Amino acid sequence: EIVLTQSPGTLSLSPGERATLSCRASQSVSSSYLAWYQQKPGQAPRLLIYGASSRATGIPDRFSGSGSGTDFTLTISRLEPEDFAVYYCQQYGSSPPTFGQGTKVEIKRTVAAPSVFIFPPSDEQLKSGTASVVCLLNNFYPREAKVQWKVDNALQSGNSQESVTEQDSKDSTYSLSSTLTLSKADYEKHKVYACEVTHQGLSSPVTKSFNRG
């Protein structure tokens, strides 16, 4: 079984720049039988390159394939706005066809710090026996960010979920929401609820908080 490793994990480039993606196989791919696929969120994959270098029908010239043996390379000479997606490499030189983990090319824009909002659990939800505290990070770039929950200035862990939007089509930003789920018993034992956000575009960590009641 051949395993395919793609590097880098996420590539941040601007339209018009040159993109180079790497695909590394654990065994030699026979006859250079490596394919490349493009996939956008919510859509099906499509074929770009087959045979490591031959280009599929209806594919622009900016896409280019090269490599042999164990190392391969997909190259986009001039990045277009519709070229930002996840790219998978697949080998078909062994009995089970295998895919890589995928490389994501992301639109690069100027750094934007997140606007932080915190929302207490509504009174209607508090009657059901659970409490949901929502921390909102809005319109930030780059993607990397940290959200730490503090209940009475105590570091919480294991009781929160993060959801992140795709890169916005208008301003290329991200939005993130951290939801801390507690039972009504645990929620009424404490008073101070706060989420602390750190971002590369923030000189200091931004903290929003409220007191129950």
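Start at 1 with the first residue shown and count on from there.
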(request) Take the C-alpha B-factors listed in the entry for 121-129 and for 83-91, compute each mean, and give the stretch with the larger one. (result) 121-129
(request) Pick between 198-206 and 185-193: the one whose mean CA B-factor in the entry is higher. (result) 185-193
(request) From the list 101, 138, 110, 98, select the residue with the highest C-alpha B factor recorded in the entry. (result) 101
(request) Select one of 172, 161, 156, 38: the residue whose C-alpha shows the highest B-factor in the crystal structure entry. (result) 156
(message) Please place residue 115 in the lowest, middle or highest third of its chain according to the CA B-factor in the PDB entry.
(response) lowest
(request) For residue 148, return the chain-relative third of its C-alpha B-factor as stated in the PDB record: lowest, middle or highest. (result) middle
(message) How does the C-alpha B factor of residue 176 compare with the rest of the chain: lowest, middle or highest third?
(response) lowest
(message) Quick check for you: using the entry's CA B-factors within this chain, is residue 65 in the lowest, middle or highest third?
(response) highest
(request) Consider only the C-alpha atoms of the modelled residues in this chain, order them by B-factor as the entry records it, and name the third containing residue 45: lowest, middle or highest. (result) lowest
